[PDB]
Amino acid sequence: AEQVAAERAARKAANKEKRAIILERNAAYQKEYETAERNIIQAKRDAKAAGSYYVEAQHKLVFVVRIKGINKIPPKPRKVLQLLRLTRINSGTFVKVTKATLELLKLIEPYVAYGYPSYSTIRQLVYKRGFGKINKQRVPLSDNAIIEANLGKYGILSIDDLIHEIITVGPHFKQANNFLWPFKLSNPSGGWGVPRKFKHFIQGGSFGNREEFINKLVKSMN
Amino acid sequence: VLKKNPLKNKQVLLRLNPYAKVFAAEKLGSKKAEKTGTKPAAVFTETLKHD
Amino acid sequence: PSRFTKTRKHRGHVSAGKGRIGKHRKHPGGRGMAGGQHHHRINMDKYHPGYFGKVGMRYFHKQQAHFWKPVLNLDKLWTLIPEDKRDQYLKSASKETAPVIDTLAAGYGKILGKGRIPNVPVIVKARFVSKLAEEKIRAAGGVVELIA
Amino acid sequence: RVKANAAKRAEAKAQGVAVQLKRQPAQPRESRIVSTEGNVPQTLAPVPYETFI
Amino acid sequence: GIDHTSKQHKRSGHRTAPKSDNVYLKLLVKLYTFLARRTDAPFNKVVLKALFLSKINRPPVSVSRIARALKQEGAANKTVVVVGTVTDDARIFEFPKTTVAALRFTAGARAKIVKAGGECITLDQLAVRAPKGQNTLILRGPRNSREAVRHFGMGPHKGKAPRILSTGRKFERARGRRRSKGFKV
Amino acid sequence: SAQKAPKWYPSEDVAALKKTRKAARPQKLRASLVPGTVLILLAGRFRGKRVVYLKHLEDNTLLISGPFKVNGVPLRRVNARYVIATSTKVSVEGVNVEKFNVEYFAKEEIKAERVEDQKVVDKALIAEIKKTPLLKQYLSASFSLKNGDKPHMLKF
RNA sequence: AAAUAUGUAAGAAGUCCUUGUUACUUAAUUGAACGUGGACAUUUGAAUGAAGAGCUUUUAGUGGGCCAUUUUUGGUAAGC
RNA sequence: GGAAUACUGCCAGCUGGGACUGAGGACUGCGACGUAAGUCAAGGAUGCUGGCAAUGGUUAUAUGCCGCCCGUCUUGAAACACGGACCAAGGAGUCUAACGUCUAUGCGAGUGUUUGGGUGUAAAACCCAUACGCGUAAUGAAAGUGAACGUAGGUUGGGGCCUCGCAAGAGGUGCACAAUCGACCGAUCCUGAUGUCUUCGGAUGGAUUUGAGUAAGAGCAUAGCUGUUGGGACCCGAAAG
RNA sequence: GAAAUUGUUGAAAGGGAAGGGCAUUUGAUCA
Ligand SMILES: [Mg+2]
Ligand SMILES: [Mg+2]
Ligand SMILES: [Mg+2]
Ligand SMILES: [Mg+2]
Ligand SMILES: [Mg+2]
Ligand SMILES: [Mg+2]
Ligand SMILES: [Mg+2]
Ligand SMILES: [Mg+2]
Ligand SMILES: [Mg+2]
Ligand SMILES: [Mg+2]
Ligand SMILES: [Mg+2]
Ligand SMILES: [Mg+2]
Ligand SMILES: [Mg+2]
Ligand SMILES: [Mg+2]
Ligand SMILES: [Mg+2]
Ligand SMILES: [Mg+2]
Ligand SMILES: [Mg+2]
Ligand SMILES: [Mg+2]
Ligand SMILES: [Mg+2]
Ligand SMILES: [Mg+2]
Ligand SMILES: [Mg+2]
Ligand SMILES: [Mg+2]
Ligand SMILES: [Mg+2]
Ligand SMILES: [Mg+2]
Ligand SMILES: [Mg+2]
Ligand SMILES: [Mg+2]
Ligand SMILES: [Mg+2]
Ligand SMILES: [Mg+2]
Ligand SMILES: [Mg+2]
Ligand SMILES: [Mg+2]
Ligand SMILES: [Mg+2]
Ligand SMILES: [Mg+2]
Ligand SMILES: [Mg+2]
Ligand SMILES: [Mg+2]
Ligand SMILES: [Mg+2]
Ligand SMILES: [Mg+2]
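Residue numbers (the deposited numbering), protein chains in the order written: chain uL30, 23 to 244; chain uL4, 312 to 362; chain uL15, 2 to 149; chain eL21, 108 to 160; chain eL18, 2 to 186; chain eL6, 2 to 109, 129 to 176.
In structure tokens form, the structure reads like this:
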């Protein structure tokens, strides 16, 4: 009457095959990325070849980090940074940028710094600081079993499937991003690169949009 | 009881992301994209250095 | 029990629960129900309407005995029968040979009809009764005689 | 809105399986080449101050 | 710091022990902390939390109302459950064949059952008769008719029984209680 | 009674400790710790003297001696970080190496058994060190430090 | 005739169909209101967020306030 | 024309130097390795060698830096606002009655022995007859009258239980509660049958009118915190009468 | 037979108060 090793040697194969089914989409993702971006650069150089301009497809995803202190904040900017999980300094999260998503970032603009993150930025950001909301319980994401368990409802089971599901703002972006925790970042390593940080970036300050520059900033807040 | 971070402690870089090790064979970060010989048009560059 | 109070927790909190501004002075509002019609008008029109004025005629040297008329409703009425006597009256239910119940003996003066009856014929003498009672007593075969 | 919502669910399985009944907000626009043909860029630069009153 | 979203360090808001130091009931609680936790029977949750309640969230069911809960369409011959005490009622005689568990019974409680062939079971002798609460009807006492609640939140035009000791005429009955004296409530 | 002791109690069971998932190595030693390099003593009684680098004894100590009739240096253990790496080649070998494992220096008036091993090693080397001119005369000259020197600029 | 600020709405308590009830209404079985019985879970009908929401009781202190940016009134002005 | 370099950026590219820390303490985890033994940096430090019978804590002083006297009223006190030279002991939200809420206990449509009797090892305990209080009915100023059309109602939602379905779900039953529409008792305004000491009686059917009502009762007693009022009423304080 | 306060003895400190917080040298003293 053993009954013991019957049910536990099934998970070795279960895991090796779910790892083999993770692998396939991860390699497919590297393929996806380089084909899409090399096609973008090639369309730019093709429109330049035959005399015209290929206009960049305006961005569909942006990363946002809040800065100003807990205190001395008007009621509605306070409300909205409470409304985007941004209740701390150097905390940050992503936004699906529709243009309804968009007009709240332009209400918090002097309290945040945001823009368009590279793949590598997002990957380094969710590897080191990616956390999941589980009965709120702020779990750290040590391996893919947990996004399998929470989001086996979306065909999303790899950490890089999740990366892909936001860097492409996938059809179930929101059910994934809300699951993600806000990102407790530190203060930037090489300072803030600007002496007084509460002026607009355009004004030699540090708040506003910095489109491809938050990369350099957020990689520094590792 | 503790979180170990990838990009260091390379063993846990494979607990997630197995494709990682294929990544190490093919440079993939040093992927030599193969060249194209397209020359920009002229009506574009004329205006690009137009006063 | 003194220790179970909370005024033994206020020790070392100068104003002892009554504050540094408002202090526990002796009679801020006026003693007792003072000023009901002036500065306590809310708390008496609210919580206590109908409080002032006269409402109806008076009666000199009344006695709470002249109007002693406790009401019993058709609900109980069988409690005036011991249980070692009523089931042997529920079975064994008949017009003749019927159980009788003197209301007034139990200390009641009017009998009202609330809660309909088992049909065993009961004939019970009261002094005053509500009309619906007499009818649902006659629907079970019984009637009402009048005592004083 | 719901009357237009009525028919568009018949074609869910009637044509295939594809429904799309929800409303959604504006999006950043997609890539669009735009041409020089008859449209050469008009170089510009600012202007000085003067009264004319 | 953190721009706190909702009140920090707030306690539950729900009882987790009937702090009667009644050693006997303080045992039945430890028994049912077993059940709901290791049965997932939704019946096993309800009564354990409903075990905690104070005396007033625990009104009595009367043998009167239980009789008709099996005059319910499809219950006549099943056992019932209610956490607390149950009272005799000399206003019903068509009492049924039945069996019922409750905390404690009055005198006539065990009477009306025997007179009609019923049984009166303590709930500790119940838990082994229906672990998952098989076929268990639960009825609650009418919390919102205790005498006190009939003046909770009285104001003008809500007409809800002023707090008053001696009652009758001249006692809060003229001004603010008829247009003949100023106005009515 | 005067105190009324408790009832919930611990119990004297030294709990088993759990695996130390640790794997060792010989030093991934510094790049200039090539056997047969003059090196400079920095801590010890002879501290300061110049020596020549030999076997990396498997307890991470580094055998070196002067030779002896050079600078009174017997063959000795050293911790790597208390001797700086000069840049001075020696000969291939001529020296017995295998006798000195890490045991060798286990101590139980003079000693008799390793004094002739040192007199094999020294002449095995001095035949080489004077091959180079004034190097014999250089390690003879125990090292010292002088005023105004900025180590961040000084090579060896 | 703006800016800021502001009222209602973004579904199942709905939407369709059927013809029942009545003392109302209409010339009218007309309409009115309320139901029977009948049909459609992907994408149940925009964005985001939620240590979940609703509901009751009882009572403390308080009812001298002042400052700052922007709006602004009296006064020459004022740390008015 | 053919290149190199700068700038910007990607590497799941390679290696050194420094610093801080080592929580947890059978095993349970997903890994990595291999061909397999067996290994490992993989759910929190090990190993070697060397040193003292030492090093740890407190105190006084010195140094570096920082620190206005408390209590009080106050928008504002270190304040040139008040009290305080110092010390010991005393030194101020109590008891009572009648109460609100909530909680614990007993009994339960009833509850409450202790005015009193019985008794007693004697102010205890113990036991007790009648009454009495409150509740069990309300409503009108009153004379007065006084709660089922029904499975004690429909409707919306409702925990739990039930039936099928593997389940998902589907339906059934639905208490507490919430909302709403009716039904029932008193008030008021109506409608006013048989009967007739011709003015009595008030059937029946009703309404933008009112109650603190019934509608398968919940209370009664005890105690606790808190709150209320009367009291010397938190403690000390007048000019007066 | 306490405190205030006082005397002798002993130890230490002290350029227009004193007292204090932090860390440490130094001395004293408790494994
Ligand atoms: Mg720096
Ligand atoms: Mg600065
Ligand atoms: Mg306080
Ligand atoms: Mg004080
Ligand atoms: Mg208080
Ligand atoms: Mg005070
Ligand atoms: Mg006051
Ligand atoms: Mg904090
Ligand atoms: Mg009015
Ligand atoms: Mg929740
Ligand atoms: Mg209040
Ligand atoms: Mg108050
Ligand atoms: Mg108040
Ligand atoms: Mg005041
Ligand atoms: Mg300010
Ligand atoms: Mg570069
Ligand atoms: Mg790199
Ligand atoms: Mg200072
Ligand atoms: Mg003042
Ligand atoms: Mg002060
Ligand atoms: Mg200050
Ligand atoms: Mg001054
Ligand atoms: Mg004063
Ligand atoms: Mg003084
Ligand atoms: Mg003095
Ligand atoms: Mg004292
Ligand atoms: Mg007696
Ligand atoms: Mg007697
Ligand atoms: Mg007797
Ligand atoms: Mg006095
Ligand atoms: Mg006098
Ligand atoms: Mg006088
Ligand atoms: Mg003294
Ligand atoms: Mg001196
Ligand atoms: Mg002087
Ligand atoms: Mg000092």
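Each residue gets a CB set at the ideal place from its N, CA and C atoms; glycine is no exception.
For residue 90 (chain uL15) and residue 108 (chain uL15), the gap between their C-alpha atoms comes out near 23 Å. Within chain eL18, no residue has its beta carbon less than 8 Å from that of residue 109 (chain uL15); the closest one is some 15 Å off.
With contacts defined by Cβ atoms closer than 7 Å, residue 163 (chain eL18) and residue 148 (chain eL18) do not form a contacting pair.
Note on residue 164 (chain uL30): under 16 other CB atoms within 10 angstroms of its CB, so exposed under the neighbour-count rule.
Proximity of chain uL4 to residue 164 (chain uL30) at the Cβ level (cut-off 9 Å) is accounted for by 314, 315, 323, 326, 327, in chain order.
Boundaries for residue 59 (chain eL6): no alpha helix (DSSP H) harbours it, and the DSSP string shows neither H nor E there. Interface with chain uL30 (7 Å Cβ-Cβ cutoff): residue 352 (chain uL4) is included. When the five nearest sequence neighbours on each side are left out, the beta carbons in the same chain lying within less than 6 Å of the beta carbon of residue 151 (chain eL18) are those of 162, in order along the chain.
Residue 25 (chain eL18) counts as exposed, since fewer than 16 other C-beta atoms from the protein chains shown sit within 10 angstroms of its C-beta. Counting only Cβ-Cβ distances below 9 Å, residue 78 (chain uL30) has contacts in chain eL21 at 138, in chain order. Interface criterion not met: the Cβ of residue 177 (chain uL30) is under 7 Å from no Cβ in chain uL4. At least one heavy atom of ligand 4 lies less than 6 Å from the C-beta of residue 15 (chain uL15). For residue 95 (chain eL6), the closest alpha carbon among the candidates 138 (chain eL6), 72 (chain eL6), 83 (chain eL6), 4 (chain eL6) is that of 138 (chain eL6). Residue environment: residue 63 (chain eL18) is assigned as buried (16 or more neighbouring CB atoms within 10 Å of its CB, all protein chains considered).
Look at residue 86 (chain eL18) here: in three-state DSSP terms it is strand. In the DSSP annotation of this structure, residue 146 (chain eL18) is not part of any beta strand (DSSP E), being labelled neither H nor E. Across the structure, residue 42 (chain uL30) and residue 177 (chain uL30) are spaced so that their CA atoms are roughly 15 Å apart.
Distances between the C-beta of residue 12 (chain uL15) and the heavy atoms of ligand 6 are all 6 Å or more. For residue 10 (chain eL18), the three-state secondary structure derived from DSSP is coil. For residue 146 (chain uL15), the uninterrupted beta strand (DSSP E) run begins and ends at 145 to 147, by DSSP. In the displayed model, residue 66 (chain eL6) falls within a strand according to three-state DSSP. Of all C-beta pairs linking the segment 40 to 60 of chain uL15 to the segment 174 to 182 of chain eL18, three or more are shorter than 8 Å, placing the two stretches in contact. Relative to the Cα of residue 26 (chain eL6), the nearest Cα in the group 59 (chain eL6), 73 (chain eL6), 53 (chain eL6) belongs to 59 (chain eL6). Non-local beta-carbon contacts of residue 140 (chain uL30) in its own chain, meaning distances under 8 Å to residues more than five positions away in sequence, involve 234, 237 in chain order. Collapsing the DSSP output to three states places residue 50 (chain eL6) in coil.
According to the DSSP secondary-structure assignment, residue 178 (chain eL18) is paired through a beta bridge with 185 (chain eL18). By the neighbour-count criterion, in which 16 or more other beta carbons inside 10 Å mark a residue as buried, residue 348 (chain uL4) falls on the exposed side. Going by C-alpha positions, residue 51 (chain eL18) is about 45 Å away from residue 132 (chain uL15). DSSP, reduced to helix, strand and coil, places residue 85 (chain uL15) within a helical segment of the structure shown. Here the segment 43 to 50 of chain uL30 does not lie against the segment 98 to 110 of chain uL30, with fewer than 3 beta-carbon pairs under 8 Å apart. At least one CB atom of chain uL30 sits nearer than 7 Å to the CB of residue 349 (chain uL4). According to DSSP, residue pairing for residue 86 (chain eL6) in a beta bridge involves 40 (chain eL6). For residue 156 (chain eL18), the distance from the CB to the nearest heavy atom of ligand 7 is not below 6 Å. For residue 222 (chain uL30), the three-state secondary structure derived from DSSP is strand.
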